[PDB]
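Presented below is the structure to which this report refers.
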Amino acid sequence: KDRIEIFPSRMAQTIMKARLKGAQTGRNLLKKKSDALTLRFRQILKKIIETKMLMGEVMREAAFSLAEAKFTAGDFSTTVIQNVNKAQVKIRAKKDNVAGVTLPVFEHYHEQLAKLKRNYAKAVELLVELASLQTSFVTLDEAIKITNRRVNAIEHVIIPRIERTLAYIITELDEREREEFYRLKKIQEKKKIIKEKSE
Amino acid sequence: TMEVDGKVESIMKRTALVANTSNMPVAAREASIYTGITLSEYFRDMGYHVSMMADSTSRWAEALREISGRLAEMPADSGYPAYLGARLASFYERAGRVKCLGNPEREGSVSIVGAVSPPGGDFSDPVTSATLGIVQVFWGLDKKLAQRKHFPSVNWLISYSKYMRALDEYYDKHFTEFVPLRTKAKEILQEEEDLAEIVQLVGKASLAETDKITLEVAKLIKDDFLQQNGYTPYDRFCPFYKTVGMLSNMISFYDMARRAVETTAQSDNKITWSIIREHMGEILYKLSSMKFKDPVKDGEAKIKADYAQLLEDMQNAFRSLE
Amino acid sequence: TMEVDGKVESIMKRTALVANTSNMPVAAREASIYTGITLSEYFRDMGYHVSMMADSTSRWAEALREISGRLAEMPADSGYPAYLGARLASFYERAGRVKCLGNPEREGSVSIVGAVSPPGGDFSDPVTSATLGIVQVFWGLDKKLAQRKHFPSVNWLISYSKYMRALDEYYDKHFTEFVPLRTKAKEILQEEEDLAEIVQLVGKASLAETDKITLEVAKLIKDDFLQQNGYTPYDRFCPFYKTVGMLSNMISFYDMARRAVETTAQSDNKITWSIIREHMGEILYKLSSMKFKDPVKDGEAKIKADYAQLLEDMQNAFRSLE
Amino acid sequence: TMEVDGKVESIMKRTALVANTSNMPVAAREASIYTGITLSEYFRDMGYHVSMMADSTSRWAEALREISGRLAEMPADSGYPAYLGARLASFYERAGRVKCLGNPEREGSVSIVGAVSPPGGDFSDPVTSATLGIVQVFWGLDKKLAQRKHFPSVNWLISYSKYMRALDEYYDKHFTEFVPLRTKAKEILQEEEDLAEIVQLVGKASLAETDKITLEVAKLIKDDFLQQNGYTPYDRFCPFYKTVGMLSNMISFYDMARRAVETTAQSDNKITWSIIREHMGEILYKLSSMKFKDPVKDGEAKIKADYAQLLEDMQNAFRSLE
Amino acid sequence: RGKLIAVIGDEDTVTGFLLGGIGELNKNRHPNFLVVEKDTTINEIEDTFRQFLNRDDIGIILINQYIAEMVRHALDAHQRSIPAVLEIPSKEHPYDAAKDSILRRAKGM
Amino acid sequence: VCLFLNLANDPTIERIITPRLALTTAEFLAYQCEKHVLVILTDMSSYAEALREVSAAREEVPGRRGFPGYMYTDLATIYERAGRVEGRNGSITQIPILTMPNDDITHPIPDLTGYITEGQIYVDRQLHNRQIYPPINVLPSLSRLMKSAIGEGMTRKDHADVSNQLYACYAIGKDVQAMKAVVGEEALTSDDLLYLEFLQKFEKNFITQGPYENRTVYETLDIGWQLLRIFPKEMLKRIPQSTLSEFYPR
Amino acid sequence: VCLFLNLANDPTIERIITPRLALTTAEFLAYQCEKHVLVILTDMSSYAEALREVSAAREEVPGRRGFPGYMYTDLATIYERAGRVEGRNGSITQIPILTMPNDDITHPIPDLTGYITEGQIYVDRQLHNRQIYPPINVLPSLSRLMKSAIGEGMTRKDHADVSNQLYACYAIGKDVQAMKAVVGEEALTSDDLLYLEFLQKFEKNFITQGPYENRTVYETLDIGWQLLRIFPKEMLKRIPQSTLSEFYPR
Ligand SMILES: Nc1ncnc2c1ncn2[C@@H]1O[C@H](COP(=O)(O)OP(=O)(O)O)[C@@H](O)[C@H]1O
């Protein structure tokens, strides 16, 4: 609601000023975190576009090499598909760090036709980097959304609440001072009247 | 009009007004209050259960403050006289149910319902603070709910009534099924308050499904049970059979939705709030429109039968859903 | 010094100074505003147009609060007297244009440009609130723009003027085209302010060509129209004819660029702000250099003719490009 | 009882009590402080060092306020007499070290320790504000530490002592190495205060190794050097040799661990706080148990030798790590 | 223990990737690849794709652009990051930057 | 039109009698000459501040923010001189215009005026800055005699239901705006988008109005219905099904 | 030095007349003996307390926050006995010292002092706890008339540029510390590391001085240039190239 419901007082005013400053500092730090995450996110986005463009060439070259291979070796697709056995290239999970956010990434690891093998190995070398980039991209997107939500929540709910509480506390302390002034003025008037009575 | 022995008789035949409007002499306001209560006491001694509506005791307190200022008395909090609390307590103490005086054994009452008008809507007001230390029931009204036209604007969180334990004896024998419904409704509202405090900062993305059901049934209770348009033929008066039937239906829906969600959390066919809402749009609208039943145009028997039919529809729809 | 009749006189030949520091009698400080406005009214009644400038009405209000405290008067909002608003309103009500009393038909005026000091930039204190409620113009100088070296430092976003509807007649008589130019310039600046956030969210590359035109003409107005150096001999004083000419040329460039972009959106050879900049860097340079016309050496006729020639060149270039 | 010249003697033999309960007459409550300080001054003139404890100068200020109200004087802020500061100064400033009157040369002293207790721990309380302008030492209260049950609950961030400069001469002759230890301890505590805000606002993952050393050494110092349970046989009174030895060990560990982490930074065999903690959990445990040394049975020589052995173990373990 | 790579594409792309060394048969002999022949319909592609995502050791998933368009709804539903899905070109259909399930998250492109 | 003018430079204490004079005249024109008198008291903030000045001079017991302890009674003496009267065909309609200090609807002047008067028309700065005229924020506004001045007979029979539903949907739209400020566009459900569209079209088509445009009550109700038709019937929970079936489809 | 000592337990009316004695002596020495006087008035909060006591003795009602209503005039009377005068070669500079109660810059004493004076030098509790002496925070502090006190013939050509660049680099260093606290040391760029280094060496060499270390303003500027030579010439954007070409080298 509008106010924290701390009873007006100088101690309460000090507590609310401290809380407001702490909230502002936390908002600024989370905004810097969001800025770092967004910078890395846009860098990874540009890298993703560039890697997709480069794939546009690597995959095409590999496919044309496949056509050239089939020109000589014949219908080698059936044997290659049937003779699968065990994977010779595998993926190992790795961690990366951006601000406090952990990004998952991947490691490429090893467990005419020769040219085709080389070209598709190069294609896999490119696509593993692409997969790592896209995984980091999704993680950064989620983390950026969460942190922006935190910053917006702070600066649109918590800080206004504390500001309203501080304004109310200041007004109520002004009221206390006004009441004390009225009582003291009344006492002074009564003392003057009593002095006149004695005189 | 009200029906006595099958004959309609006006309610002005039992109402007595003691009017002292805002621009009428200030010093009279105090007298007004006193006159009011005395009249009430007079009709309490006959054996009648009088009810005294003090339209605004804040105005009486303000009149006392003006007269004190003219007397150059030393003020209490916010200018009010030092005897404001004593005056309010002595006025409110005249309310209790009594065994009237005199030889014929009787039993009267004077229910004092005293509206307070805190300046600036701040309940820290000396008049409001002094009143809450005397009155046993506190129907605190919220300005935000009024602005949304959520009338009656009673703030269900801060308001309280210290007569519930004294009334369970009567509820258990006349509305035996009502006390647990009331307890569950208050639990739902408190849980919704906590979940709203969380959601305002975090959003509904991370809410547990049962938390979503709590939020949605709490919204149902707020919009379609608590709030009651008092200027309509159906919601001007809500008999207690209606007040308990509507709550029974909403709490039954809450129970069934929670049962489904909890018992199908482990299964693959996870029932969530969205599935219920899509399947039970008609039933949810019927629960929302339960308030529109007319106590007079539609008899008590018809209203009770329709609520029972809505309960049957809810049961059948949930069974067909699970 | 000021140049009148071709001679450099001292502005003290026509100026008076009600100067007093903070250790002077509080009554001297509190009556400084009234002495100034009474001298200004005296010189208005003579048929002259006076311009009173209270250096900081906040200090006068502090003197008023001090006098109130000395008199032991009840403290109003945040310590100020019970009549601060009345005093400020009655002081500012003395400003205005009058048919001077007396036989020789005259007409004088007093323009009050009283400055105020908001605590820490907060316009919510009683003095600033009352002044902003009373006054009709607010020139909102900003330290932020001063640091950016944008002089004058009028923020041109929090500033405002409520005399536009009063000056509509004067503009339509003498400067017919000024009003639409000013409205378009203000809307351009507002659009630039709104697009500053979109630039953060998606960068500049994601902006449409119309948005790029808006940004790159808003920059032109900020840096080459609003920004003005008071030390240079050419634009220390900018006659209103020169100002309206510059704004006319800027808004003409904006409108014709927008027209080109919109009417080439349907073609495959769509125009872009980059295309327009590459083709008309010379025109943009001339727009930036319109400032450098000296009102004294380059008479009104010469400056108007040069601006008309500039407009002719923009029209030729846009016609060729389109 | 206390050990003097090898005998246990009652504390009453050198103590006097001026008992004044809260229900005793307010005038007596006002004169109690003066009687106490006069007795303290009398025994100071003898050549003794009298330590005086004023159980509450806040209750003294309440007595002054009540007597001022009874006298019908105009109060200062919060109802206290405007001469409260003068009275507090007249009381406190009677302390000090003095070359007592009288021919036989002697030097006495009166060390006043005035207890304050503002309403609800208010730091702006007029009595506390008047106190802080007079007293040279102020052992402020951490409500958070008190709630956590961290005793003594001194809040080391606003509590201060202005006698450090005067005590430099004593320390540089008796405890030569203590001043840099105190400086580094204060720096470490302030760094932890700055780092905890960030650790709780954002997260603990981004901390550098040196920040981890700072945080964990601050935890060590706070929990096992600034935390002293006064009910135990070993921690009822901590001799200053024990204090300085403990602080020397903690700061030596701090400096050497920071040296390790910094030197191995930008190097293949990097060292991190986790490595240090895992390697020498025994060293950390011994530093933690350093507070358990009991001067009564573990003589000064024994405690000093044990702390030197701990330093030797620390150096050996870091040499092995390096 | 390490993750694998999965392929959903034409016989030629599958053959090239296998020559790259991506395929293997698990303990149940299940494969980590599919050849989208004309005899295979949309439901089969969606089912095998779902199997690939639910499997915890898959890691990367590669899908041809046109195939990804065919089962686009499943691609969009999949929102978690670890099962990295990549859309790759083909001789049958070219690759285009637009309408990629991952690039939906970017407006600065 | 009869004008009583007490400008800024005119005596301050005289403002304490400027309303009464006017009201007295209105009373004569209404309860003796049987006119229908619209009384407009401009800057009741100035009258209240003059009253505060006099009370401070008299050192009378202050209320909140320094105003006299009887400011409610005095403002009631001013306001309560309105309404019709038995046997007399005249009336007095009061529309005091008062400036809320610092836009604080809880300030003693607006607060006591709302306590006394039979409603209030709340002019909003947020709407004005957006250049919405009239910048009337209906949410904090109120009319206590609307419940009986509308319905079947006078105006139309859907007036009350349409007004209540517009209030509910406007409040929910403002709540959705508040939540969207935090959670962003993408987290809003379709119902939240419906409410935001209703809020936009409500502030653009219902509140916004030409300074010389005289909409009949029926035109206002038609606009209200065209706005309410954004939602499905089931989302209009204030309006009973009987009214929805007859008025919604068109 | 002419030293006036009013101890805490000395009469408070003596406290009232102490600053007036001091400033009368300063006026005699400056405007009659023609020597540039510097008046250091310590703990104006204690003077305000004495003023409050005398006001209560007069039986005047407390003003804002318990202090006299005319405290602004009294503080102005004290402070404004300063400045250069026409036709006299002496002056009176003033350095009032205030104990901000509760560290509240809104308190009447510091508030009115800022209203009357022309700057502020902030002694920071954070720097004090970090054991830096003098713990003078340079970000919130300000000297309005610094520009009149520097430049060729007064201090040196490069004083203003060095001061501006030092302030800018200090602010950027604090910002970079805040950023490093969130991103981690590795994520920082080379310029961020340079800014952190400048911050550390600025608080260790410029601010940290020692009680008996007297630095001539030329020595202060030499230290400032030593700290500015951490960055390359290009990052010193607030120092005109005409000054960098002359003072940056070496
Ligand atoms: N039960 C209700 N049903 C419908 N409207 C209500 C109800 N209670 C209050 N209201 C509305 O609230 C407004 C204020 O009513 P009232 O109680 O007279 O004001 P106050 O709070 O000053 O006493 C009325 O205009 C009325 O329309």
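Chains as they are written, first to last, in PDB author numbering: chain H, 4 to 114, 130 to 217; chain A, 295 to 616; chain C, 295 to 616; chain B, 295 to 616; chain L, 4 to 112; chain D, 257 to 506; chain F, 257 to 506. Just so you know, even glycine gets a beta-carbon here, dropped at the ideal spot from N, CA and C.
Inset, instruction - Flag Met58/H as yes if its beta-carbon sits less than 8 angstroms from any beta-carbon of chain B, otherwise no. - result: no
Legend entry - Straight-line Cα distance separating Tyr374/A from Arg338/A: 32 angstroms
Legend entry - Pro413/B versus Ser362/B, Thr351/B, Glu367/B, residue with shortest Cα-Cα distance: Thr351/B
Legend entry - Chain-order list of residues whose beta-carbon lies under 8 angstroms from that of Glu336/D (same chain, five-residue window excluded): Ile372
Legend entry - Whole-Å CB distance - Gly415/B paired with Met340/B, under 8 angstroms assumed: With a Cβ gap of about 39 angstroms, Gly415/B and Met340/B do not count as contacting.
Inset, instruction - With hydrogens ignored, establish whether the beta-carbon of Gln430/B is closer than 7 angstroms to any heavy atom of ligand 1. - result: no
Legend entry - beta-carbon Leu398/D near ligand 1 non-hydrogen atom, thresh 7 angstroms: yes
Inset, instruction - Provide the residue(s) that pair with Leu439/A in DSSP beta bridges, ordered along the chain. - result: None; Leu439/A has no bridge partner.
Inset, instruction - State the Cα-Cα distance for the pair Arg381/C and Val421/C, rounded to the nearest angstrom. - result: 11 angstroms
Inset, instruction - Note down, in chain order, every chain D residue with its Cβ under 8 angstroms from the Cβ of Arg22/H. - result: Under the 8 angstroms cutoff, chain D gives no residues; its nearest Cβ is about 19 angstroms from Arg22/H.
Inset, instruction - Give the residues from the segment 192-216 of chain H that approach chain F closer than 8 angstroms (Cβ to any Cβ), ordered along the chain. - result: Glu195, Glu198, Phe199, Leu202, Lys203, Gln206
Legend entry - the segment 518-532 of chain C contacting the segment 554-562 of chain C, beta-carbon criterion three pairs below 8 angstroms: no
Legend entry - Nearest-angstrom Cα separation, counted from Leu294/F out to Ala282/F: 8 angstroms
Inset, instruction - Return the CA-CA distance between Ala286/D and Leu261/D, expressed in angstroms with no decimal places. - result: 21 angstroms
Inset, instruction - Label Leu451/C either buried or exposed according to how many other C-beta atoms from any shown protein chain fall within 10 Å of its C-beta, with 16 as the threshold for buried. - result: exposed
Legend entry - Classification of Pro398/C by the beta-carbon crowding that lies within 10 angstroms, buried from 16 upward: exposed
Legend entry - When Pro488/D, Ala338/D, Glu490/D are compared against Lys291/D, the one with the closest alpha-carbon: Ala338/D
Inset, instruction - Using a Cβ cut-off of 8 angstroms (strictly closer), state whether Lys110/L contacts chain C. - result: yes
Legend entry - Closer than 8 angstroms to chain F by CB, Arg364/C: yes
Legend entry - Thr508/C and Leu489/C closer than 8 angstroms at C-beta: yes
Inset, instruction - Consider the C-beta atom of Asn314/A and the heavy atoms of ligand 3; say whether any pair is separated by less than 7 angstroms. - result: As presented, the structure is devoid of ligand 3, carrying ligand 1 as its sole ligands.
Inset, instruction - Reducing DSSP to helix, strand and coil, say where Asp99/H ends up. - result: strand
Legend entry - Given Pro92/L as reference, the closest of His113/H, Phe44/H, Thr54/H, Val175/H once Cα atoms are compared: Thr54/H
Legend entry - Element boundaries [alpha helix (DSSP H), containing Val146/H]: 131-171
Inset, instruction - Kindly indicate if chain H contains any beta-carbon less than 8 angstroms away from that of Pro413/C. - result: no
Inset, instruction - Between the Cα of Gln130/H and those of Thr41/H, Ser80/H, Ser68/H, spot the shortest distance and give me the residue it belongs to. - result: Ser68/H
Inset, instruction - With 8 angstroms as the threshold, decide whether the Cβ of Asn523/C is near any Cβ in chain F. - result: no
Legend entry - Opposing strand residues paired with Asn46/L [DSSP bridges]: For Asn46/L, which the question treats as bridged, DSSP gives no partner whatsoever.
Inset, instruction - Just list the alpha helix (DSSP H) runs in the segment 441-474 of chain C, keeping only unbroken ones of 4 residues or longer that don't cross its boundaries, in chain order. - result: 458-468
Inset, instruction - Answer yes or no: do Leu477/D and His415/D have a C-beta to C-beta separation smaller than 8 angstroms? - result: yes
Inset, instruction - Evaluate the contact criterion for the segment 324-333 of chain C versus the segment 351-368 of chain C: three or more CB pairs, one atom per stretch, below 8 angstroms. - result: yes
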